[PDB]
Amino acid sequence: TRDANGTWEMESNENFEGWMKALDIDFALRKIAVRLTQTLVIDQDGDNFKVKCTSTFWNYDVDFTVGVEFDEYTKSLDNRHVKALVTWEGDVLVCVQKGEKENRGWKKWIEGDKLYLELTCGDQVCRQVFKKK
Ligand SMILES: *C/C=C(C)/C=C/C=C(C)/C=C/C1=C(C)CCCC1(C)C
């Protein structure tokens, strides 16, 4: 319920292109990223997280300690500097990324076998569902 450890296989991905567009990802690369199968690998140890979301051409990596603000440079995404902070709101893992973009961050709900991930930027929300492999 608070345990996010695992290798996570995607089963659905809603409004992916609206969220990428809100981040200003190149329209060309958007309709490549649309094609790619993603595997989310989470290593969680106490407060310390290592998140690795992987695909053929394109990976997103982040490591953080819950409750410790960190500078994040989204080099493989929109290549912006944000002030990221990840915390627990109940059993909901919440990341707020302060910077140019408003309403920017993500949330993870872990429901036994299922991981629900909502990514937000501006007025767009991308809803993803992964299953533990
Ligand atoms: C808790 C899980 C998180 C924060 C996972 C985030 C994953 C991404 C931001 C993935 C982004 C990607 C693209 C938009 C294009 C294709 C490659 C991806 C899947 C790494």
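FYI, it's all coordinate maths here, none of it is from the lab. Note that each Cβ is placed from the backbone with ideal geometry, even for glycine, and that neighbours are counted across all protein chains shown.
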(request) Of the conditions (1) more than 11 Å from the ligand (Cβ to nearest atom); (2) surrounded by 12 or more Cβ atoms within 10 Å (Cβ to Cβ), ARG2 clears all except one; give me its number. (result) (2)
(message) I'm told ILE32 meets every condition in (1) under 16 Å from the mean Cα position of the chain (by Cα); (2) within 13 Å of the ligand (Cβ to nearest atom); (3) among the β-branched types (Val, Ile, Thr) except one. Can you identify the failing condition by its number?
(response) (1)
(message) Six or more apart or on different chains, Cβ atoms under 6 Å: show the pairs whose first residue is in region 74-86 and without any contact (Cβ under 8 Å) to a residue 40 or more places away in the chain and whose second is of a type in the set (S, T, N, Q) and within 12 Å of the ligand (Cβ to nearest atom).
(response) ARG80/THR74; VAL82/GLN97; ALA84/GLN97
(request) Filter region 88-106 down to the residues that are of a type outside the set (D, E, K, R) and under 10 Å from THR120 (Cβ atoms), then identify the one that is surrounded by the fewest Cβ atoms within 10 Å (Cβ to Cβ). (result) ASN103
(message) under 15 Å from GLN128 (Cα atoms) and either assigned to a strand (DSSP E or B) or touching a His at 6+ places or on another chain (Cβ under 7 Å) (or both): which single residue out of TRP106, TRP19 fits that description?
(response) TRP106
(request) Under 6 Å between Cβ atoms, at least 6 apart or on separate chains: pull out the pairs that start in region 108-124 with a residue that is among the acidic types (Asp, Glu) and end on any residue that is away from the ligand (no atom under 11 Å from the Cβ). (result) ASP113/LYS131; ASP113/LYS132; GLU118/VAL125; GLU118/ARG127
(request) Answer with yes or no whether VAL66 is in contact with a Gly (Cβ under 6 Å, 6 or more places away or on another chain), at negative phi and more than 9 Å from the ligand (Cβ to nearest atom). (result) no
(request) Being closer than 18 Å to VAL62 by Cβ and either surrounded by fewer than 14 Cβ atoms within 10 Å (Cβ to Cβ) or in contact with a helix residue (DSSP H, G or I) (Cβ under 9 Å, 6 or more places away or on another chain) (or both) is the filter here, so list the residues in region 8-35 that pass it. (result) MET20, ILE25, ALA33
(message) I'm told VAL94 meets every condition in (1) free of Cβ contacts under 8 Å to residues at least 40 places away in the same chain; (2) near the ligand (Cβ under 9 Å from one of its atoms); (3) touching a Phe, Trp or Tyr at 6+ places or on another chain (Cβ under 9 Å) except one. Can you identify the failing condition by its number?
(response) (2)
(message) Is it the case, given these coordinates, that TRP58 is within 11 Å of the ligand (Cβ to nearest atom), surrounded by 12 or more Cβ atoms within 10 Å (Cβ to Cβ) and of a type in the set (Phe, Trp, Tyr)?
(response) yes
(request) Report, by residue number, each residue of region 109-133 that is outside any strand (DSSP E or B) and among the basic types (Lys, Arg). (result) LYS133
